[PDB]
Amino acid sequence: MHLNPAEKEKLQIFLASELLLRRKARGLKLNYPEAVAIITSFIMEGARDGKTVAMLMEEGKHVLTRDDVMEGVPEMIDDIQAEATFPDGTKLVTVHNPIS
Amino acid sequence: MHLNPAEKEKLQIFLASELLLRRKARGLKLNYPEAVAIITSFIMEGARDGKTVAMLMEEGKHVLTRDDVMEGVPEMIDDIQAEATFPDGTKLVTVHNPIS
Amino acid sequence: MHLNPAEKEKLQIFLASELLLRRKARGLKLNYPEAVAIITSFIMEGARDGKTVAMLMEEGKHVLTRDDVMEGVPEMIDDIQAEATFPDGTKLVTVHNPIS
Amino acid sequence: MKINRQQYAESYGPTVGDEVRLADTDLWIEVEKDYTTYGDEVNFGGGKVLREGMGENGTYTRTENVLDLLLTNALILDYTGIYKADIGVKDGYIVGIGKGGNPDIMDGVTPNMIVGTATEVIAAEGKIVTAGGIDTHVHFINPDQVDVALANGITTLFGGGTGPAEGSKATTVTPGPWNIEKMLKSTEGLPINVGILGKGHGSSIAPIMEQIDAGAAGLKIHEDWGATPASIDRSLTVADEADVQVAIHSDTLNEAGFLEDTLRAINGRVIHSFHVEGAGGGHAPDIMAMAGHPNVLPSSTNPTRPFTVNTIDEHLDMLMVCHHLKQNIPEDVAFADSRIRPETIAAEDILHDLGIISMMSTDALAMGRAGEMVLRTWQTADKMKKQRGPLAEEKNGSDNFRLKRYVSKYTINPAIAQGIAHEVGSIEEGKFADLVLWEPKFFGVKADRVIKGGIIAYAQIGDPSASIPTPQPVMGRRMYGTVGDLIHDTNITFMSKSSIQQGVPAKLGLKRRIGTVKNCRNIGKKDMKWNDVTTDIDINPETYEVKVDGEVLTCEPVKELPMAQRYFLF
Amino acid sequence: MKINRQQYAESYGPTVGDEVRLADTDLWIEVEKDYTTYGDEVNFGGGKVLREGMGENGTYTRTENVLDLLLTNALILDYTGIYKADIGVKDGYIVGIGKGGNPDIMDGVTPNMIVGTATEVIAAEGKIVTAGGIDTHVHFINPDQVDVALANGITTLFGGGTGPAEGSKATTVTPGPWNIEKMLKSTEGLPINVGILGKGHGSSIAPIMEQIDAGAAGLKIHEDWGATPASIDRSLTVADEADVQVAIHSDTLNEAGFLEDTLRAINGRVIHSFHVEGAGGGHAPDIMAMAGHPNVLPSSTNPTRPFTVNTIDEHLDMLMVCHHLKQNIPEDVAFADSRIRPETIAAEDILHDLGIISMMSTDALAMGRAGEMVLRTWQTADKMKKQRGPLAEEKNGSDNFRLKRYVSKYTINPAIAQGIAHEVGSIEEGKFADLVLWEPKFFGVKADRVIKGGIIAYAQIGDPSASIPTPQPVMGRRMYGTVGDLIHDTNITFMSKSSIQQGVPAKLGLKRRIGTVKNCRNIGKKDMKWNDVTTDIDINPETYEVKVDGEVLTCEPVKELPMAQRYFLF
Amino acid sequence: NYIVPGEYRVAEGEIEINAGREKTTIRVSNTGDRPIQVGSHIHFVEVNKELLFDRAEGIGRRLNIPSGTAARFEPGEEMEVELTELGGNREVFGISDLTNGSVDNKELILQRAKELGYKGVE
Ligand code: NI
Ligand code: NI
Ligand code: NI
Ligand code: NI
Ligand SMILES: [O-]
Ligand SMILES: [O-]
């Protein structure tokens with residue numbers, strides 16, 4: 001596979017997102033790391049899909065809403081940042097105030 | 001996400017449980033580490049759900065039965081222990097003789 | 001669970017395969033590490049199922065075809081190798097030219 | 001020109017009279033005073049103040065009042081106060097708390113806090129800064145426990161063990177000269193301060209003392225090695241000669257004596273009573289009465305902290321598991337019921353709040369959680385505020401008194417108890433620069449950066465392959481202070497005076513900073529900061545009810561805690 | 001007997017006139033010459049040539065012209081050529097490039113390249129071998145960055161930092177004697193070559209110079225510490241005395257001067273201009289004009305490399321995040337728009353292609369990617385071939401000229417700029433054996449094996465529990481060169497002459513190889529291999545349009561790159 | 001009682017910066033063709049030569065703006081700014097090398113400024 005250090009680390013974000021998604025699906029309000037994991041994995045998968053940085057800055061604000069998360073979680077998350085390989089190489093996406 | 005050392009480690013238990021569950025679903029009798037993984041992840045997810053320690057001590061004895069696992073596996077597992085964050089903080093759950 | 005070093009590492013192959021499978025399912029042509037992960041996990045799960053080394057050498061050539069992967073990926077993968085615990089202990093499987 | 005307070009706090013962190021919520025608790029701390037000169041705040045970045053000829057002095061060499069490191073705009077939470085200041089570090093030590101910058105052009109600059117060519121900058125605006133936690137009940141069982149501790153703001157581990165040997169799995173003991181030597185050498189690779197306890201057992205002095213001379217920093221008396229009157233006595237006679245502290249886990253079984261017999265053996269000498277509530281060990285059911293005595297320095301361990309709805313079920317079973325007890329053997333059930341008591345655990349919450357139990361600790365990996373000493377301290381304070389109200393001593397509607405009482409339990413008090421407060425345990429000039437930065441939203445839960453000897457050792461930081469350090473995954477990671485030979489200069493091995501005088505560090509090739517244990521035998525309860533109360537604690541032998549000043553101490557267990565499911569992935 | 005070329009290349013790697021595609025780019029390199037004697041190729045294995053009495057000599061001791069290591073059948077890509085040769089290493093250094101084996105029986109054996117009892121063998125047939133990359137813009141922020149760098153073929157990190165302190169997070173600076181000492185000690189545990197930059201700020205000489213004497217290898221002037229005429233001047237006066245290089249990140253704000261003022265302060269002295277395009281920092285909007293000057297050694301950092309459809313959106317926001325800028329504050333928006341410019345980023349692609357920007361670098365973890373210097377170099381060359389055609393200098397249909405121009409940017413040129421090219425930066429006899437093997441399919445993307453001082457330090461290798469090393473998971477892993485005390489002998493700490501003369505390594509107990517920085521002040525643009533062009537670069541202050549020789553330099557951003565989604569799991 | 005973890009509850013009132021120091025308003029023009037941004041704590045007389053203002057009125061002073069902020073002048077832009085007095089020892093060293101000592105030496109500072117082309121020496 002030739003995994004580099006970042007590829008190994010970033011597998012763990014996907015895993016944490018899968019965990020959080022299962023928790024959401026059984027009806028739980030999500031906590032801080034769960035919310036961050038879901039949005040982060042969404043960005044990374046979006047890059048893989050070939051979306052632009054600008055599309056993901058927009059979409060990342062609609063992945064989770066306040067009713068999906070515990071009290072205070074929206075205000076704990078000022079932004080979520082992720083780097084991923086786009087069709088045009090690694091780029092940084094920052095989603096500002098992802099959950100209103 | 002601010003993952004601490006235990007959060008990183010415990011992701012791997014969830015993963016091993018997901019693996020084991022897929023093996024069970026395609027009809028395999030489960031082995032020692034598979035069985036332990038499934039029951040351990042069950043406890044941790046139960047804590048996340050807000051169940052009590054006492055509920056999980058009881059439920060953990062009904063997750064897998066002897067027909068779900070290979071010969072000798074029930075007798076190899078004297079107990080399964082897991083710590084997880086309950087609504088009232090980290091607690092230890094020990095499931096005694098989980099598979100009769 | 002008593003995980004040894006290889007058991008821990010090999011969990012990550014299963015995870016990478018799960019990731020790749022989700023990417024394939026949403027319609028993406030798979031890349032080099034995704035393709036390798038899928039075929040590798042297939043071999044390991046096959047051993048767990050009790051298939052023979054010879055069966056897996058054959059089956060591994062039919063898991064992904066060239067239309068499943070990006071341009072050049074078939075020619076990048078000369079072989080895929082995996083060791084797993086068969087009913088008769090650890091064995092090496094090499095799948096030669098898995099994607100024509 | 002004037003700035004409104006909201007905007008001021010956003011830019012520079014809070015100032016006098018402003019309050020900050022601790023994580024998701026109901027506890028608020030208020031800035032008591034501020035060392036700054038408004039308008040001359042230090043800060044670092046593009047077009048900011050700490051630039052050459054401006055807030056950075058361009059003239060002075062390092063020796064000439066210049067700092068190695070300035071933490072700008074810190075909100076300090078410490079037994080000494082809750083206040084706003086810059087913190088200046090040099091040669092690995094805190095050398096100035098005040099106002100940093102350049103006297104060329106700024107008013108109010110503390111004279112030895114010059115930002116110069118030699119100065120690194122950490123921005124602490126909007127952070128709470130505390131001393132590193134001092135955990136005095138550590139079992140050295142699994143090296144992976146060190147990062148667990150660092151991640152929750154612990155910087156000193158005092159205890160014992162050789163790894164997952166049964167003696168060590170039960171007791172904070174590194175026994176005998178050889179095991180001590182081996183563990184001092186192991187310590188060279190642990191990125192945290194360490195002090196090692198020998199076995200406080202024997203009926204002759206020499207077998208006990210040779211451990212001190214070998215490099216132990218103290219002793220541990222534990223019932224599993226025979227917490228007899230003789231072992232108690234000999235250990236304290238050694239400790240008095242050697243100037244080290246003795247920790248005790250007393251005779252739960254009351255086999256050779258009841259509590260009064262243990263106190264008679266102690267004979268007024270200073271001792272640190274571990275897990276004084278007793279679920280963690282000690283004379284059943286009344287050990288916690290130790291915490292009323294003037295010669296006793298009392299700590300709790302953490303799984304009883306605070307009293308919650310799952311506590312009893314969890315502990316009863318934890319004890320059965322660990323002692324291989326059987327539910328159908330009446331002696332085993334009776335033992336467990338005599339040891340795990342809601343009456344004493346509920347009173348333990350209150351005794352903390354009253355300043356009668358002076359210290360927290362973990363019991364890491366034996367009956368306690370390496371990374372939850374700080375966590376559970378604050379959860380306890382929060383529960384007590386909810387159930388008992390703001391303390392009478394509070395002013396305004398701040399929780400400053402309670403915050404100073406509780407921060408003392410895991411910083412300064414354990415340091416004083418162990419004879420190491422000259423080096424560590426508080427944010428004071430002249431002490432080692434072990435500092436923990438916290439985002440208020442994560443306060444007490446997950447440390448942002450842990451500074452050891454003036455260099456960051458551990459941090460919550462992200463993708464090492466990224467353009468900047470904040471992208472995911474943000475996780476706790478060892479930093480440059482832990483790498484190479486820098487691990488030697490950023491950490492302290494605490495040792496007895498006699499081992500130091502006898503040249504043990506050179507004999508063993510120890511490269512770490514060597515700390516001297518001292519002034520352990522001339523202290524008492526009165527020396528425990530904000531937690532100095534002596535009183536007669538009565539524990540009813542039949543009902544286990546606890547009374548102080550004729551009043552039953554009871555409170556309810558809570559179903560939910562802050563600093564819990566909002567934060568943790570598992 | 002004759003072998004067809006396809007079969008020859010399959011067995012021994014390519015020979016004269018054969019071409020090889022670089023990864024999935026459109027770039028082809030052609031073998032220019034071959035040192036072998038056809039039929040007497042060296043190889044290792046069962047029934048192969050390097051066996052006793054055959055291609056391995058059985059007579060000579062190690063001292064007698066025998067190698068410690070032979071890389072057989074390497075395709076070398078280097079500023080010195082693109083050619084086929086065996087590479088011989090001894091005492092950690094490259095001692096022979098030519099033809100290895102046994103003069104007993106083989107023709108054409110380079111006299112000091114005897115394969116003997118003492119010789120290890122690496123098979124390089126079918127591999128491309130380059131020098132280890134020299135990254136001169138490293139922020140030491142997170143130790144996990146080292147493996148990221150190794151995995152993409154970097155072997156030397158020059159820069160500064162103390163970990164995730166704000167000074168270090170912004171600037172490649174280890175400030176003052178104490179922080180420098182601490183980081184030299186930390187470096188003992190980093191498995192990569194290192195040189196440390198002090199703070200190039202002050203208005204008196206002594207505070208700056210004492211950093212050089214403490215063991216710094218150079219200085220960094222950064223606007224965040226005040227990139228003033230005074231700090232520029234004093235830093236260069238120090239550098240001229242000390243024979244070390246100065247890197248500059250200039251005054252973006254034009255606060256104390258415009259570009260011309262910075263050039264006046266430099267006063268014709270040699271300087272390394274970091275991220276010369278300026279998105280990474282510098283006089284807005286015209287900093288890139290520095291790259292026209294003869295006394296300037298100009299590098300790019302990597303996030304602008306090459307110009308792509310997501311570049312601007314990504315950078316504008318990256319800058320807003322890092323500077324805590326607000327979108328509704330016009331000064332902040334104006335600042336960002338003045339700094340992130342498609343006009344200068346597009347011209348930067350072309351200036352690279354023209355040999356006007358001489359060097360690549362990362363800006364690791366401050367505004368750049370630790371593991372993408374090599375990656376993006378080749379992506380840039382590929383884009384330029386697509387958009388500008390083969391360069392005029394090319395012969396046949398090979399891209400050799402462009403390949404030598406671009407490999408120079410991350411190997412030899414940074415080494416020359418920093419005064420370390422006597423030790424590192426190219427595959428030449430007499431230089432340290434820092435060598436990177438690449439499978440052509442992974443060229444520039446993921447290194448196969450990274451050799452440090454003649455021992456493998458990092459490799460893409462598989463299951464450690466397997467019968468052979470190739471089964472999954474194949475991942476980058478630290479190898480024996482990084483373990484124990486071998487980490488000392490396989491890596492170099494580069495230091496100033498004065499610190500070396502004053503005995504700093506002994507004072508600090510440094511065990512690594514010590515490299516001397518020298519010959520930094522007597523060089524210029526003309527000394528940048530294949531990238532030596534001086535010209536007047538005009539940057540229009542209104543439109544930001546860039547002109548060279550009266551022609552606007554513009555190109556389009558691309559939607560797709562090679563060396564991207566075919567390879568990476570994320 | 002919604003909880004925002006770690007939130008502030010600031011006191012009432014406002015913070016006055018540089019309290020008790022003389023304030024001076026002056027007009028300043030960017031005569032250059034590139035933007036100039038000036039930080040809160042640079043000795044004002046030592047700013048970019050192409051800023052035109054009464055240089056004498058910048059001696060011993062800096063911008064009266066919150067610590068760490070800056071004033072921006074686009075090309076050709078003229079505006080008023082408010083200055084405050086430097087404090088401490090009222091000495092400046094380095095920067096543009098116009099002072100290198102006490103800010104009281106106005107004649108020497110201005111002589112140097114004039115000779116080096118800092119606009120607005122009167
Ligand atoms: Ni105990
Ligand atoms: Ni204990
Ligand atoms: Ni820069
Ligand atoms: Ni930089
Ligand atoms: O204990
Ligand atoms: O930079």
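The deposited coordinates for this entry were obtained by X-ray crystallography, with a reported resolution of 1.58 Å.

> It is not clear to me how the overall build of chain A should be interpreted in this structure. Could you clarify?
Summing up its helical and strand segments, chain A has four helices and two strands in all. Mapped in sequence order, the helices and strands of chain A form the string α-α-α-α-β-β. A globule of 100 residues ought to have a C-alpha radius of gyration of about 13 Å, and chain A, at 13 Å, matches this closely. Considered along the principal axes of its C-alpha atoms, chain A spans approximately 40 × 25 × 20 Å.

> What should I look at first to understand the relation of the copies chain C and chain B in this one?
Copy one and copy two of the chain differ by a rotation about an axis and a translation along that axis. Each copy superposes on the other: chain C lies on chain B with an RMSD of 0.0 Å after a rotation of 120 degrees and an axial shift of 0.0 Å. In the structure described here, the two chain copies are related by an operation that fits a three-fold rotation axis. Of every C-alpha in chain C, the one belonging to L15 of chain C sits nearest the axis of rotation, 4.4 Å from it.

> I would appreciate a short explanation of the interface of chain D and chain E in the present structure.
By a widely used convention, the size of an interface equals the accessible area lost when the partners come together. Chain D puts 49 residues into the contact, and the matching count from chain E is 59 residues. When chain D packs against chain E, the two sides together hide about 4,300 Å² of surface, and 59% of this comes from carbon and sulfur. For the interface between chain D and chain E, the tally reads six salt bridges. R477 of chain D serves as the salt-bridge partner of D144 of chain E, at 2.9 Å between the closest nitrogen and oxygen. Seen at the junction of chain D and chain E, the total is 31 residue pairs in polar contact.

> Mind showing me how you'd approach the coordination of the nickel ion (ligand 2) here?
In ideal tetrahedral geometry, four donors around a metal make angles of 109.5 degrees, whereas ideal octahedral geometry with six donors gives angles of 90 or 180 degrees. All names here are of chain D. Within the protein, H137 (NE2), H139 (NE2) and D363 (OD) serve as the donor atoms for the nickel ion (ligand 2), at 2.1 Å. For the nickel ion (ligand 2), the four donor atoms in the first shell make angles of 83 to 155 degrees at the metal, so the coordination geometry reads as irregular. Each donor residue of the nickel ion (ligand 2) lies on the same chain, and together they follow the pattern H-x1-H-x223-D. Between the nickel ion (ligand 2) and the nickel ion (ligand 1) the interatomic distance comes to 3.7 Å. A residue pair is termed long-range when its members are at least 10 positions apart, and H137 in strand β9 (residues 133-139) and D363 in the loop between α10 (342-353) and α11 (373-388) qualify at 226 residues. For the pair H137 and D363, a shared accessibility class is recorded, and that class is buried.

> Help me out: how do you make sense of the sheet that holds strand β3 (residues 28-30) of chain D in this one?
Strand pairing in a sheet relies on backbone hydrogen bonds, with the paired strands running either antiparallel or parallel. Read from one edge to the other, the open sheet built from three strands follows the order β3(D)-β2(D)-β1(F), with strand pairing classed as antiparallel. This sheet does not close on itself; its edge strands, each paired only once, are β3 of chain D together with β1 (8-9) of chain F. Relative to β3 of chain D, strand β2 (residues 19-21) of chain D runs antiparallel, the two sharing three bridges. Residue pairing in the sheet places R21 of chain D in a bridge with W28 of chain D of β3 of chain D.

> Mind showing me how you'd approach the coordination of the nickel ion (ligand 3) here?
Residue and element names in this part refer to chain E. Those protein atoms acting as donors to the nickel ion (ligand 3) are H249 (ND1) and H275 (NE2), and they sit at 2.0 Å. The metal-metal distance between the nickel ion (ligand 3) and the nickel ion (ligand 4) comes to 3.7 Å. Linking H249 in strand β12 (residues 245-249) with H275 in the loop between β13 (271-273) and β14 (296-298), this pair joins segments that are 26 residues apart in sequence. With respect to burial, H249 and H275 carry one shared label: buried.

> Explanation requested: a negative patch on the surface in the structure shown.
Residues and elements named next belong to chain D. A grouping of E343, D536, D538, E545 and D549 is seen on the molecular surface, where their side chains present a negatively charged patch. Looking at the secondary structure, you find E545 in the loop between β22 (537-539) and β23 (546-548). Of the residues examined, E545 reaches a relative accessible area of 32% and is grouped as partly exposed.

> Teacher, can you tell me more about the domain arrangement of chain D here?
Residue and element names in this part refer to chain D. When its domains are assigned, chain D resolves into domain 1 (1-131 + 426-483) and domain 2 (132-425 + 484-570). Of note, the centres of domain 1 and domain 2, computed from C-alpha atoms alone, are 31 Å apart. On the side of domain 2, 52 residues touch domain 1, which itself brings 43 residues to the contact. At the level of elements, β3, β4 (69-78), β5 (81-90), β8 (128-131), β16 (435-438), β17 (449-452) and β18 (455-461) are the ones that each hand at least two residues to the side of domain 1 that touches domain 2. Looking at the side of domain 1 that touches domain 2 element by element, the count peaks at three residues for β3.

What counts as what
- Residues numbered from 1 in each chain as written, not as in the entry; some residues may be left out.
- Chains lettered and ligands numbered in written order.
- Part of a larger assembly, values for the part shown.
- Heavy atoms only, no water.
- Residues with missing side-chain atoms left out of burial classes, pairs and counts.
- Helix = DSSP H or I, 4+ residues; strand = E, 2+ residues; numbered from the N terminus.
- Rg over C-alpha atoms; globule rule 2.2 N^0.38 Å.
- Least-squares fit on C-alpha atoms.
- Contact = heavy atoms within 4.5 Å.
- Buried area = accessible area lost by both parts, 1.4 Å probe.
- Salt bridge = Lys/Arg side-chain N within 4 Å of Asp/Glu carboxyl O.
- Polar contact = N/O pair within 3.5 Å; in protein donor to acceptor, adjacent residues only side chain to side chain.
- Donors = N, O, S within 2.8 Å, 3.2 Å for Na, K, Ca; no water.
- Tetrahedral: all angles 85-135°; square planar, octahedral: opposite > 155°, others 65-115°.
- Buried < 20%, exposed > 50% of the residue type's maximum accessible area, 1.4 Å probe, protein only.
- Pairing = 2+ DSSP bridges.
- Patch = residues over 30% accessible without salt bridge, like charges linked within 9 Å, V, L, I, M, F, W, Y side chains within 5 Å.
- Areas by Shrake-Rupley, 256 points an atom, 1.4 Å probe, with all protein chains shown as cover.
- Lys, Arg positive; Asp, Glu negative; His and termini not counted.
- Charge placed at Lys NZ, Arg CZ, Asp CG, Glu CD.
- Domains from an automatic or database assignment.

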